[PDB]
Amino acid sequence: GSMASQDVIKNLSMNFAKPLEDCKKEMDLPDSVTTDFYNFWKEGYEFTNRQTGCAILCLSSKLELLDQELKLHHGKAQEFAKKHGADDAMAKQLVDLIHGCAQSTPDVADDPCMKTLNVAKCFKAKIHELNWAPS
């Protein structure tokens, strides 16, 4: 039931991306981020720039998933996923993949936008490896 799990990731993505218009107008982002989001789950797609990372951070903030240091509320992320239909196990697995990626991607430039973009790419790869990437 890989298709069922893909459908969960699709639902999470769409709900995650709802505040995007609000974010685009609220920060004046180049529509390259719009295109990065259009193509997000497309394999072989490389991401143009950092502003997409700032956009991901904006989305997370609108959903109240970030602390003041712009780090992910782990528990709140897990609850987000379950409220949108992931079972407890999947929700935990998803947060773990993100945490594993955050650790693998060391913040050296002190740039949360680039950091978040790099965590997003790692997460994307892990999700593809599980066959959980939707169309």
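The first residue of the shown sequence is 1; numbering continues from there.
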Residue stretch of maximal mean CA temperature factor, 121-129 vs 108-116: 108-116
Between 31-39 and 88-96 (mean CA B-factor, as deposited), the higher: 31-39
B-factor third for the C-alpha atom of residue 23 within its chain: highest
For residue 79, the third of its chain into which the C-alpha B factor falls: lowest
Ranked against its chain, the third holding the CA B-factor of residue 135: highest
